Protein chains: 2
Amino acid sequence: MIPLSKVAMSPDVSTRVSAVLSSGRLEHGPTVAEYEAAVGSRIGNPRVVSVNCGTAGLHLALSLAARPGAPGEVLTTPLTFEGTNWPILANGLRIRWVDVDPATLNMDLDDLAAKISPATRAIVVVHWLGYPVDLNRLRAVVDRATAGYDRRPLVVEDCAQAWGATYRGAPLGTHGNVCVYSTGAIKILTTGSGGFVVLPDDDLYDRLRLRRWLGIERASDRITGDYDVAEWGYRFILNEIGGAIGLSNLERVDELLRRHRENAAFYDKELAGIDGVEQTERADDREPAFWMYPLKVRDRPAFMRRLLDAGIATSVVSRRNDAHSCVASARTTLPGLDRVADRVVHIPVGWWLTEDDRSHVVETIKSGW
Amino acid sequence: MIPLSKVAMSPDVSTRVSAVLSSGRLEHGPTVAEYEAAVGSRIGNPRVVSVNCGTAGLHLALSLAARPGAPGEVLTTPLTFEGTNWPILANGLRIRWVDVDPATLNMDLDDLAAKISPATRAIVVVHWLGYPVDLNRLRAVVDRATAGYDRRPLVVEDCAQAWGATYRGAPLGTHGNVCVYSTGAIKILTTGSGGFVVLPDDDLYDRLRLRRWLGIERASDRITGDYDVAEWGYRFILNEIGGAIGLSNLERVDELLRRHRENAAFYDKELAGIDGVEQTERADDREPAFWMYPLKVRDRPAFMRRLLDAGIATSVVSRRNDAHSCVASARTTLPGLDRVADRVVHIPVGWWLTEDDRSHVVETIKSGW
Ligand SMILES: Cc1cn([C@H]2C[C@H](O)[C@@H](COP(=O)(O)OP(=O)(O)O[C@H]3O[C@H](C)C(=O)[C@H](O)[C@H]3O)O2)c(=O)[nH]c1=O
């Protein structure tokens, strides 16, 4: 009854979409271009490549690792949605798991330094819940590790839950890495389905824009077949309906985010000093998006059960990916993750919470379990 | 001014789409299932798996060849959209080109017979413009070539332009092969973006539905994390907005298809016996969809130029895929394709043609070039 997630849809969407459908342009249209421009202006990076989902975005980005370009590994975290990691396999690269930092629920950057190898083609970091990874440390770790390597591996930030997040005052997508956002249904900015990739320079921008549509320069004369495909690609475009939904929702999203953060600040204050309730780390040099609010709790089943009876939806959200049969071969001991897997839990913190809803959650947690 | 392709959107779509938008259910909802059933009911095969585009349908289907499953090649035609063939490469398989039959613009089935090898994991045929491949022959040829092989290669039909097409009295999707359809913007039945895969049996249907959503059993409890992934998958689902549009347009597509065929029969009669204009083969035992109308013409550049001056859009549609740099290694001599590549051309034949528009095309072609 108090949901963990909710679709945020502008009341303007039904009208905007109706116009797009009657327009005669559903793909490769101007609405998607306009959306991309608007996103780019927000992030502070004009290099935005929209796609039909976040998983596609990662798939597209990782194709840079596999095919730069015209034995390889990707270092990644198992604590995330499978969509973060199966694109690694689809690109024909091996998964090597990096442990999780129990204080942030993000990648352990010291285990990373240990596991970076000449075989490392790419590194994927997930900003879990929109809590930014220490990108300065990440850059330092990658630089120290790959000093002689003759090519630096690709750093990919999975920003799927991280719309609105800032690091050192600037939005994610501006720190020199390839960043993938998701704009799926319950992401705070939604296009229905969709995502976009933000690139750090024009080469990556051009290359990913090409591979988004089969490697075909769309400015070419394909009416006579006078074009060449030098690098094969995928079919990952976002269509005019998505762009329309996105532009509408961009107008409302800053206010939703403000409510997420306000609700989170309320929890950090009120849930502090509760025995059996450990909160997630907080740094001064970043502003989390708080897509959901994380806690690490003793006796989690009793915790969730107690909150569920009080009408509060609660979830583990995802299984550690390293436990799936399909990646049995990459299975390795990750003690940090072991220490949080059975304790981590997510509670509603989003824009749909009223003042009383928020108190009810805190009061319910205070009633013990 | 007389366009070659046009978006077909029922005027009723806004209402249906609006319902989806007000539901809070944008992905994984019942509308897509309702659509899949309706398609299945028409095709006469219930094993329909919707996907977010036709290329993704092919990507997913070919994964059966690559990963059966829990060195390979694909025999395919180069006369087609690149979305047909790049999924071969995304699945990590080799492309081997089969020549084209210059009368049908489809695969030379005798050339196919010669190139089938123990290395063939799959065979891809395209029903170019919705003119059906002789599937009976394809089956006999595959069956004869692979007699001892201990596993029959996967047979995949690209039906992207073939909605409504019929072969030997039955719709495509009923002849025992895996069939992939597109419902992209200018295909005659559109979902905005989208496609679907039709399977010949329940094992393949279950498997593709699985890989459609990351290899996650959707009947499983993912809120407490009690699920396993045995076969990693992709993120290819069609969303509720696509399903809604598809349901609307299903109500109108039969009349649109009837107009395509009526215009094609008109051309067949009226364009016969024009010097420099060779038409495509027509068999009695199939009913083509005529997404566009094919001609093979002397001096194609002067031809297209002449019709452009009369306000008639005209196109080669796609480059022979075998000429692309990205696949330089698979380049092989294809004399049949050589014989038509510079002569093939497409002229408007769709449902938007007025009786006067249709006369104008015929009249223009007869004025010479
Ligand atoms: C996507 C789209 C196209 N059109 C018009 C515009 C063109 O005059 C004509 C073809 O459009 P486009 O530039 O997209 O053509 P191609 O790039 O060769 O590709 C199209 O035909 C090949 C075979 C594929 O397989 C593509 O999926 C399909 O997009 O139909 C519209 O009016 N609205 C639209 O949304």
# chains A, B, ... in the order shown; residues from 1 in each chain; ligands from 1
call {"tool": "closest_atom_pairs", "arguments": {"of": "chain A", "to": "ligand 1", "cutoff": "12 Å", "atoms": "only C-alpha atoms and all ligand atoms", "output": "Markdown table"}}
result
| residue | atom | partner | partner_atom_place_in_ligand_line | distance |
| --- | --- | --- | --- | --- |
| A:20 | CA | ligand 1 | 35 (O) | 10.0 |
| A:21 | CA | ligand 1 | 35 (O) | 9.7 |
| A:22 | CA | ligand 1 | 33 (N) | 10.6 |
| A:23 | CA | ligand 1 | 33 (N) | 8.3 |
| A:24 | CA | ligand 1 | 33 (N) | 5.0 |
| A:25 | CA | ligand 1 | 33 (N) | 3.6 |
| A:26 | CA | ligand 1 | 35 (O) | 3.8 |
| A:27 | CA | ligand 1 | 35 (O) | 4.0 |
| A:28 | CA | ligand 1 | 1 (C) | 5.9 |
| A:29 | CA | ligand 1 | 35 (O) | 6.7 |
| A:30 | CA | ligand 1 | 35 (O) | 10.2 |
| A:31 | CA | ligand 1 | 35 (O) | 11.2 |
| A:32 | CA | ligand 1 | 35 (O) | 11.4 |
| A:213 | CA | ligand 1 | 27 (O) | 9.0 |
| A:214 | CA | ligand 1 | 27 (O) | 9.8 |
| A:215 | CA | ligand 1 | 17 (O) | 11.5 |
| A:216 | CA | ligand 1 | 17 (O) | 8.5 |
| A:217 | CA | ligand 1 | 17 (O) | 9.4 |
| A:218 | CA | ligand 1 | 17 (O) | 6.7 |
| A:219 | CA | ligand 1 | 13 (O) | 9.2 |
| A:220 | CA | ligand 1 | 17 (O) | 9.3 |
| A:221 | CA | ligand 1 | 18 (O) | 9.0 |
| A:222 | CA | ligand 1 | 18 (O) | 5.9 |
| A:223 | CA | ligand 1 | 18 (O) | 6.9 |
| A:224 | CA | ligand 1 | 18 (O) | 9.9 |
| A:225 | CA | ligand 1 | 18 (O) | 9.0 |
| A:226 | CA | ligand 1 | 18 (O) | 11.5 |
| A:227 | CA | ligand 1 | 18 (O) | 11.1 |
| A:234 | CA | ligand 1 | 27 (O) | 11.5 |
| A:235 | CA | ligand 1 | 27 (O) | 8.6 |
| A:236 | CA | ligand 1 | 27 (O) | 11.0 |
| A:237 | CA | ligand 1 | 29 (O) | 10.4 |
| A:238 | CA | ligand 1 | 1 (C) | 11.5 |
| A:239 | CA | ligand 1 | 35 (O) | 8.3 |
| A:240 | CA | ligand 1 | 35 (O) | 8.2 |
| A:241 | CA | ligand 1 | 35 (O) | 10.7 |
call {"tool": "calpha_fit_and_write", "arguments": {"fixed": "chain B", "moving": "chain A", "output": "compact mmCIF listing (two decimals) with C-alpha atoms, in the first residue's frame"}}
result
# COMPACT_ATOMS: atom_id res chain seq x y z
CA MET A 1 5.23 13.54 -53.29
CA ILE A 2 4.04 9.97 -53.98
CA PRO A 3 5.97 8.21 -51.18
CA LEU A 4 7.57 4.79 -51.29
CA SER A 5 6.49 4.12 -47.70
CA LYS A 6 4.04 5.50 -45.17
CA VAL A 7 3.24 5.13 -41.46
CA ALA A 8 -0.17 3.43 -41.04
CA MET A 9 -1.63 4.67 -37.77
CA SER A 10 -5.19 4.09 -36.59
CA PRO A 11 -7.02 7.23 -35.41
CA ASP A 12 -7.72 5.21 -32.25
CA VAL A 13 -4.10 5.08 -31.18
CA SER A 14 -3.84 8.43 -29.37
CA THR A 15 -6.79 7.44 -27.13
CA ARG A 16 -5.52 3.87 -26.51
CA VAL A 17 -1.98 5.02 -25.65
CA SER A 18 -3.28 7.73 -23.26
CA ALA A 19 -5.11 5.02 -21.28
CA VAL A 20 -1.98 2.81 -21.12
CA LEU A 21 0.17 5.73 -19.81
CA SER A 22 -2.25 6.53 -17.03
CA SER A 23 -2.65 2.83 -16.09
CA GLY A 24 0.43 2.22 -13.91
CA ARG A 25 1.56 -0.77 -16.02
CA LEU A 26 3.99 0.03 -18.85
CA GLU A 27 5.96 -3.25 -19.06
CA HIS A 28 5.10 -6.93 -18.67
CA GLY A 29 1.50 -5.86 -18.86
CA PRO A 30 -1.78 -7.34 -20.15
CA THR A 31 -1.96 -5.23 -23.31
CA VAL A 32 1.15 -6.88 -24.76
CA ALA A 33 -0.32 -10.31 -23.90
CA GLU A 34 -3.58 -9.41 -25.65
CA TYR A 35 -1.74 -8.24 -28.75
CA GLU A 36 0.30 -11.44 -28.89
CA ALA A 37 -2.89 -13.47 -28.61
CA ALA A 38 -4.53 -11.48 -31.41
CA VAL A 39 -1.46 -11.91 -33.68
CA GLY A 40 -1.37 -15.62 -32.91
CA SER A 41 -5.01 -16.04 -33.84
CA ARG A 42 -4.33 -14.36 -37.19
CA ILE A 43 -1.27 -16.39 -38.08
CA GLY A 44 -2.86 -19.65 -36.94
CA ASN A 45 -0.02 -20.21 -34.55
CA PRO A 46 -0.49 -19.23 -30.90
CA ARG A 47 3.28 -19.30 -30.22
CA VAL A 48 4.00 -15.59 -30.56
CA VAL A 49 6.83 -13.94 -28.70
CA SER A 50 6.63 -10.14 -29.05
CA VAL A 51 9.89 -8.14 -28.97
CA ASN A 52 10.96 -4.49 -29.11
CA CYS A 53 12.05 -4.72 -32.77
CA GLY A 54 12.56 -7.11 -35.64
CA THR A 55 16.35 -7.00 -35.41
CA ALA A 56 15.98 -8.03 -31.78
CA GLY A 57 13.73 -10.84 -32.90
CA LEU A 58 16.40 -12.23 -35.22
CA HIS A 59 19.07 -11.69 -32.62
CA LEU A 60 16.91 -13.65 -30.18
CA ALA A 61 16.15 -16.40 -32.69
CA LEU A 62 19.75 -16.81 -33.79
CA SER A 63 20.72 -17.31 -30.11
CA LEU A 64 19.13 -20.74 -30.60
CA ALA A 65 21.69 -21.45 -33.30
CA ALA A 66 24.63 -20.33 -31.21
CA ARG A 67 23.24 -21.58 -27.88
CA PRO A 68 20.77 -24.49 -28.53
CA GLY A 69 21.59 -24.94 -25.63
CA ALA A 70 22.90 -24.27 -22.13
CA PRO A 71 33.46 -22.20 -36.12
CA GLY A 72 29.71 -21.94 -36.63
CA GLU A 73 28.23 -20.32 -39.71
CA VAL A 74 24.92 -18.89 -40.74
CA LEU A 75 23.94 -19.01 -44.44
CA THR A 76 22.09 -15.85 -45.42
CA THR A 77 21.42 -13.42 -48.30
CA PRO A 78 23.25 -10.09 -48.68
CA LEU A 79 20.32 -8.49 -50.45
CA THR A 80 18.41 -7.13 -47.44
CA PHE A 81 18.52 -4.60 -44.60
CA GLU A 82 21.66 -4.93 -42.46
CA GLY A 83 19.35 -5.72 -39.53
CA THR A 84 18.83 -9.15 -41.06
CA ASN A 85 22.54 -10.00 -40.81
CA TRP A 86 24.40 -8.15 -38.03
CA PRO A 87 22.49 -10.21 -35.48
CA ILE A 88 24.56 -13.10 -36.90
CA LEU A 89 27.78 -11.35 -35.81
CA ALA A 90 26.35 -10.28 -32.43
CA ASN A 91 25.70 -13.93 -31.65
CA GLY A 92 29.36 -14.66 -32.43
CA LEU A 93 28.69 -16.70 -35.61
CA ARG A 94 30.35 -16.22 -39.06
CA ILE A 95 28.42 -14.93 -42.07
CA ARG A 96 28.55 -17.06 -45.22
CA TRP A 97 26.69 -15.42 -48.15
CA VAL A 98 24.31 -17.33 -50.39
CA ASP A 99 23.65 -15.93 -53.87
CA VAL A 100 20.37 -14.28 -54.76
CA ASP A 101 17.84 -15.61 -57.25
CA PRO A 102 17.47 -12.83 -59.81
CA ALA A 103 13.86 -13.81 -60.54
CA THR A 104 12.59 -13.53 -56.95
CA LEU A 105 15.21 -11.27 -55.27
CA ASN A 106 15.25 -14.00 -52.62
CA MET A 107 17.91 -16.55 -51.75
CA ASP A 108 19.08 -18.87 -54.49
CA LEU A 109 18.03 -22.22 -53.00
CA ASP A 110 20.35 -24.17 -55.29
CA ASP A 111 23.44 -22.21 -54.22
CA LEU A 112 22.23 -22.89 -50.66
CA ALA A 113 22.26 -26.65 -51.19
CA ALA A 114 25.85 -26.29 -52.35
CA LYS A 115 26.95 -24.19 -49.39
CA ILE A 116 25.27 -26.10 -46.53
CA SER A 117 28.00 -27.62 -44.34
CA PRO A 118 28.42 -29.40 -40.99
CA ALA A 119 29.49 -25.93 -39.77
CA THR A 120 26.16 -24.38 -40.81
CA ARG A 121 24.40 -23.52 -37.50
CA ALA A 122 21.49 -21.66 -39.02
CA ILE A 123 20.00 -20.51 -42.30
CA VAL A 124 18.25 -17.15 -42.64
CA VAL A 125 15.86 -16.65 -45.60
CA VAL A 126 14.34 -13.25 -46.33
CA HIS A 127 10.94 -12.97 -47.92
CA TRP A 128 11.94 -9.86 -49.85
CA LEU A 129 8.99 -7.40 -50.12
CA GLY A 130 6.71 -10.06 -48.65
CA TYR A 131 7.17 -12.37 -51.59
CA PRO A 132 7.34 -15.81 -49.95
CA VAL A 133 10.33 -18.07 -50.52
CA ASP A 134 9.49 -21.50 -51.81
CA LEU A 135 9.47 -23.09 -48.35
CA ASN A 136 8.83 -26.63 -49.62
CA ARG A 137 11.95 -26.45 -51.77
CA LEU A 138 13.86 -24.87 -48.85
CA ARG A 139 12.88 -27.78 -46.62
CA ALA A 140 13.83 -30.28 -49.30
CA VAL A 141 17.19 -28.59 -49.91
CA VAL A 142 18.01 -28.51 -46.18
CA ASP A 143 16.98 -32.16 -45.72
CA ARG A 144 19.03 -33.52 -48.63
CA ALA A 145 22.05 -31.45 -47.55
CA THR A 146 22.04 -32.30 -43.83
CA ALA A 147 21.24 -36.02 -44.01
CA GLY A 148 23.99 -37.38 -41.83
CA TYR A 149 24.58 -34.18 -39.85
CA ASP A 150 23.36 -35.37 -36.39
CA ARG A 151 21.73 -31.98 -35.92
CA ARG A 152 19.67 -30.09 -38.48
CA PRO A 153 20.52 -26.38 -38.68
CA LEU A 154 17.99 -23.79 -37.61
CA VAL A 155 15.87 -22.31 -40.37
CA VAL A 156 14.96 -18.68 -39.74
CA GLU A 157 12.52 -16.78 -41.98
CA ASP A 158 12.96 -13.03 -41.83
CA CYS A 159 9.34 -12.00 -42.35
CA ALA A 160 9.96 -8.32 -41.53
CA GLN A 161 8.18 -7.03 -44.62
CA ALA A 162 5.88 -10.00 -44.93
CA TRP A 163 2.85 -9.35 -42.69
CA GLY A 164 -0.18 -10.74 -44.52
CA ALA A 165 1.78 -12.98 -46.90
CA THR A 166 0.55 -16.52 -47.48
CA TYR A 167 2.20 -19.66 -48.79
CA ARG A 168 -0.04 -22.54 -49.97
CA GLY A 169 -2.95 -20.67 -48.48
CA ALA A 170 -1.55 -20.32 -44.95
CA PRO A 171 0.19 -17.39 -43.26
CA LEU A 172 3.92 -17.36 -42.73
CA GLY A 173 4.74 -18.69 -39.27
CA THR A 174 2.87 -21.94 -39.82
CA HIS A 175 5.35 -23.85 -41.99
CA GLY A 176 7.56 -25.32 -39.31
CA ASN A 177 10.28 -22.69 -39.20
CA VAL A 178 11.22 -19.94 -36.77
CA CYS A 179 9.74 -16.73 -38.19
CA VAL A 180 10.55 -13.16 -37.28
CA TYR A 181 8.24 -10.30 -38.11
CA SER A 182 8.96 -6.60 -37.77
CA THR A 183 6.34 -4.12 -36.71
CA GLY A 184 8.54 -1.07 -37.13
CA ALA A 185 7.21 2.33 -38.24
CA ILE A 186 6.65 1.74 -41.97
CA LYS A 187 5.84 -1.93 -41.85
CA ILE A 188 2.23 -2.46 -42.87
CA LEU A 189 1.35 -3.45 -39.28
CA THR A 190 3.20 -1.16 -36.90
CA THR A 191 3.59 -0.93 -33.14
CA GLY A 192 5.81 2.13 -33.43
CA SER A 193 8.82 -0.07 -32.84
CA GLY A 194 8.55 -3.79 -32.34
CA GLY A 195 8.45 -7.25 -33.75
CA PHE A 196 7.56 -10.77 -32.76
CA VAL A 197 8.93 -14.26 -33.27
CA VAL A 198 6.66 -17.17 -34.21
CA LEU A 199 7.93 -20.59 -33.11
CA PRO A 200 7.09 -24.01 -34.59
CA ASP A 201 6.89 -25.89 -31.24
CA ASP A 202 6.59 -25.36 -27.50
CA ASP A 203 10.31 -25.89 -26.69
CA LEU A 204 11.39 -23.09 -28.93
CA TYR A 205 8.49 -21.01 -27.64
CA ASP A 206 9.41 -21.55 -24.00
CA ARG A 207 13.14 -21.02 -24.60
CA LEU A 208 12.69 -17.76 -26.52
CA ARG A 209 10.14 -16.46 -24.01
CA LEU A 210 12.77 -17.05 -21.30
CA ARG A 211 15.62 -15.41 -23.23
CA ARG A 212 13.44 -12.40 -24.00
CA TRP A 213 13.82 -11.24 -20.35
CA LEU A 214 17.28 -12.22 -19.17
CA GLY A 215 16.39 -15.91 -18.88
CA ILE A 216 14.20 -15.16 -15.88
CA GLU A 217 10.99 -17.09 -15.41
CA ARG A 218 8.71 -14.15 -14.61
CA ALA A 219 6.32 -16.43 -12.77
CA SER A 220 9.06 -17.03 -10.21
CA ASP A 221 9.36 -15.48 -6.78
CA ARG A 222 12.00 -12.84 -7.48
CA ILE A 223 10.80 -11.02 -4.35
CA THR A 224 12.98 -13.39 -2.26
CA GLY A 225 15.43 -14.22 -5.03
CA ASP A 226 14.19 -17.80 -5.32
CA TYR A 227 14.71 -18.37 -9.05
CA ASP A 228 17.50 -19.64 -11.24
CA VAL A 229 18.71 -18.60 -14.68
CA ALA A 230 19.91 -21.63 -16.58
CA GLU A 231 20.33 -19.91 -19.94
CA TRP A 232 21.37 -16.26 -20.00
CA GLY A 233 19.17 -13.95 -22.02
CA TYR A 234 18.54 -10.48 -23.39
CA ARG A 235 16.22 -7.59 -22.55
CA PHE A 236 13.95 -7.52 -25.58
CA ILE A 237 10.37 -7.10 -24.39
CA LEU A 238 7.76 -4.96 -26.16
CA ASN A 239 6.03 -2.55 -23.78
CA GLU A 240 2.38 -1.67 -23.22
CA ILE A 241 2.48 1.31 -25.58
CA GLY A 242 3.58 -0.90 -28.46
CA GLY A 243 1.00 -3.58 -27.78
CA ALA A 244 -1.67 -0.88 -27.71
CA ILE A 245 -0.58 0.53 -31.04
CA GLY A 246 -0.53 -2.98 -32.51
CA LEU A 247 -4.01 -3.93 -31.36
CA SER A 248 -5.42 -0.73 -32.82
CA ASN A 249 -3.64 -1.24 -36.12
CA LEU A 250 -4.63 -4.90 -36.41
CA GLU A 251 -8.18 -3.69 -36.89
CA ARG A 252 -7.19 -1.73 -39.97
CA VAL A 253 -4.41 -3.79 -41.52
CA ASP A 254 -6.41 -6.35 -43.59
CA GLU A 255 -7.89 -3.51 -45.65
CA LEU A 256 -4.46 -1.89 -46.16
CA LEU A 257 -3.05 -5.18 -47.37
CA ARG A 258 -5.97 -5.61 -49.78
CA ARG A 259 -5.05 -2.28 -51.33
CA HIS A 260 -1.37 -3.25 -51.57
CA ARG A 261 -2.30 -6.41 -53.48
CA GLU A 262 -4.85 -4.67 -55.69
CA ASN A 263 -2.31 -2.03 -56.61
CA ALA A 264 0.26 -4.72 -57.31
CA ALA A 265 -2.12 -6.68 -59.57
CA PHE A 266 -2.72 -3.45 -61.47
CA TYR A 267 1.05 -3.04 -62.03
CA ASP A 268 1.67 -6.70 -63.06
CA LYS A 269 -0.98 -6.19 -65.77
CA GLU A 270 -0.10 -2.66 -66.91
CA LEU A 271 3.69 -2.81 -66.65
CA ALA A 272 3.76 -6.03 -68.66
CA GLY A 273 5.45 -5.99 -72.05
CA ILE A 274 7.34 -2.77 -71.40
CA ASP A 275 10.82 -2.94 -72.90
CA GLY A 276 13.57 -2.49 -70.32
CA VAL A 277 11.22 -3.36 -67.49
CA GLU A 278 11.49 -6.87 -66.06
CA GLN A 279 9.08 -7.92 -63.40
CA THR A 280 9.53 -10.28 -60.52
CA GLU A 281 8.39 -13.91 -60.63
CA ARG A 282 4.78 -14.78 -59.55
CA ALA A 283 3.71 -18.25 -58.30
CA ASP A 284 0.12 -19.51 -58.01
CA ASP A 285 0.74 -21.22 -54.71
CA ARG A 286 1.46 -18.03 -52.75
CA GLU A 287 -0.02 -14.57 -52.19
CA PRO A 288 2.67 -11.86 -51.86
CA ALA A 289 2.25 -8.91 -49.49
CA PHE A 290 3.91 -6.44 -51.84
CA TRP A 291 5.31 -4.06 -49.24
CA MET A 292 6.95 -2.31 -52.22
CA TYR A 293 6.72 -3.16 -55.93
CA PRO A 294 9.99 -4.46 -57.49
CA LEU A 295 11.15 -3.93 -61.04
CA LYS A 296 14.47 -4.74 -62.72
CA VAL A 297 15.24 -1.94 -65.22
CA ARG A 298 17.97 -1.01 -67.72
CA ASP A 299 19.72 2.30 -66.87
CA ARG A 300 18.34 2.54 -63.33
CA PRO A 301 19.75 6.00 -62.53
CA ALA A 302 17.87 7.46 -65.51
CA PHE A 303 14.80 5.47 -64.44
CA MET A 304 14.69 6.80 -60.90
CA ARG A 305 15.54 10.30 -62.07
CA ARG A 306 12.67 10.25 -64.59
CA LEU A 307 10.20 9.02 -61.97
CA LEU A 308 11.50 11.49 -59.36
CA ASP A 309 10.74 14.44 -61.66
CA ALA A 310 7.22 13.07 -62.03
CA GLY A 311 6.81 13.15 -58.24
CA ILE A 312 7.30 9.44 -57.72
CA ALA A 313 9.61 8.33 -54.92
CA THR A 314 11.77 5.40 -55.86
CA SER A 315 14.52 3.50 -54.13
CA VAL A 316 17.12 0.75 -54.23
CA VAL A 317 16.18 0.40 -50.53
CA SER A 318 19.40 -1.36 -49.44
CA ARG A 319 23.00 -1.96 -50.32
CA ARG A 320 24.16 -5.53 -50.78
CA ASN A 321 25.54 -6.32 -47.30
CA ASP A 322 28.46 -8.35 -48.70
CA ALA A 323 30.04 -5.09 -49.86
CA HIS A 324 30.42 -3.57 -46.37
CA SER A 325 34.02 -3.30 -45.01
CA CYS A 326 33.00 -5.00 -41.76
CA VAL A 327 32.41 -8.28 -43.62
CA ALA A 328 35.33 -8.05 -45.99
CA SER A 329 36.49 -11.54 -45.02
CA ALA A 330 33.25 -13.26 -46.09
CA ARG A 331 33.38 -11.59 -49.48
CA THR A 332 32.73 -14.13 -52.24
CA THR A 333 31.45 -13.88 -55.83
CA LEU A 334 27.64 -14.04 -56.17
CA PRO A 335 26.86 -13.81 -59.92
CA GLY A 336 23.07 -13.79 -59.56
CA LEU A 337 23.24 -10.82 -57.21
CA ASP A 338 25.78 -9.13 -59.50
CA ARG A 339 23.22 -9.40 -62.28
CA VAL A 340 20.46 -7.59 -60.35
CA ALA A 341 22.20 -5.21 -57.90
CA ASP A 342 22.37 -2.35 -60.42
CA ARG A 343 18.98 -3.10 -61.95
CA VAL A 344 16.67 -3.65 -58.94
CA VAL A 345 14.39 -0.78 -58.01
CA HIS A 346 11.34 -0.31 -55.85
CA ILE A 347 8.26 1.74 -56.65
CA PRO A 348 5.25 2.79 -54.45
CA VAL A 349 2.43 0.22 -54.39
CA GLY A 350 1.01 0.80 -50.89
CA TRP A 351 -2.40 1.66 -49.43
CA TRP A 352 -1.96 5.43 -49.81
CA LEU A 353 -2.07 5.26 -53.64
CA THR A 354 -5.20 6.64 -55.24
CA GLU A 355 -6.42 5.40 -58.63
CA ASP A 356 -4.82 8.44 -60.31
CA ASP A 357 -1.51 8.02 -58.41
CA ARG A 358 -1.31 4.45 -59.70
CA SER A 359 -2.00 5.51 -63.33
CA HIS A 360 0.56 8.31 -63.05
CA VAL A 361 3.24 5.79 -62.09
CA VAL A 362 2.37 3.49 -65.01
CA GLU A 363 2.08 6.42 -67.42
CA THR A 364 5.45 7.82 -66.24
CA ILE A 365 7.17 4.45 -66.69
CA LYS A 366 5.61 4.29 -70.22
CA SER A 367 7.06 7.70 -71.13
CA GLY A 368 10.53 6.11 -71.22
CA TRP A 369 13.85 7.27 -69.72
call {"tool": "select_by_dssp", "arguments": {"residues": "stretch 136-331 of chain B", "states": "strand (DSSP E or B)", "output": "PyMOL selection string"}}
result
chain B and resi 154-158+166-167+170-171+178-182+195-198+213+221+226+235+277-278+286-287+293-297+312+315
call {"tool": "select_by_dssp", "arguments": {"residues": "stretch 115-321 of chain B", "states": "alpha helix (DSSP H)", "output": "NGL selection string"}}
result
:B and (115 or 135-145 or 202-212 or 240-250 or 253-270 or 300-309)
call {"tool": "decode", "arguments": {"residues": "stretch 45-53 of chain B", "atoms": "N, CA, C and O atoms", "output": "short mmCIF file (atom, residue, chain, number, x, y, z; two decimals), in the first residue's frame"}}
result
data_model
loop_
_atom_site.label_atom_id
_atom_site.label_comp_id
_atom_site.auth_asym_id
_atom_site.auth_seq_id
_atom_site.Cartn_x
_atom_site.Cartn_y
_atom_site.Cartn_z
N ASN B 45 -0.96 -19.69 -35.47
CA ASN B 45 0.08 -20.29 -34.62
C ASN B 45 0.20 -19.48 -33.34
O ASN B 45 0.60 -18.31 -33.37
N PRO B 46 -0.18 -20.08 -32.20
CA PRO B 46 -0.23 -19.34 -30.93
C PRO B 46 1.14 -18.98 -30.32
O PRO B 46 1.20 -18.13 -29.42
N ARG B 47 2.22 -19.60 -30.81
CA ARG B 47 3.55 -19.39 -30.21
C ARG B 47 4.20 -18.09 -30.64
O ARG B 47 5.24 -18.09 -31.31
N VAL B 48 3.61 -16.99 -30.23
CA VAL B 48 4.08 -15.67 -30.62
C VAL B 48 4.78 -14.98 -29.46
O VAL B 48 4.21 -14.84 -28.37
N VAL B 49 6.01 -14.58 -29.68
CA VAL B 49 6.76 -13.84 -28.68
C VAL B 49 7.06 -12.44 -29.20
O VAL B 49 7.91 -12.28 -30.07
N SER B 50 6.39 -11.43 -28.66
CA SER B 50 6.65 -10.05 -29.09
C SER B 50 8.07 -9.61 -28.63
O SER B 50 8.63 -10.15 -27.66
N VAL B 51 8.66 -8.68 -29.39
CA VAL B 51 9.99 -8.14 -29.08
C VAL B 51 10.01 -6.66 -29.46
O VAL B 51 9.09 -6.19 -30.12
N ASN B 52 11.04 -5.92 -29.06
CA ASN B 52 11.01 -4.46 -29.20
C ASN B 52 11.43 -3.98 -30.61
O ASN B 52 11.42 -2.78 -30.86
N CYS B 53 11.83 -4.91 -31.47
CA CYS B 53 12.01 -4.68 -32.92
C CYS B 53 12.31 -6.00 -33.64
O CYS B 53 12.63 -7.00 -33.00
#
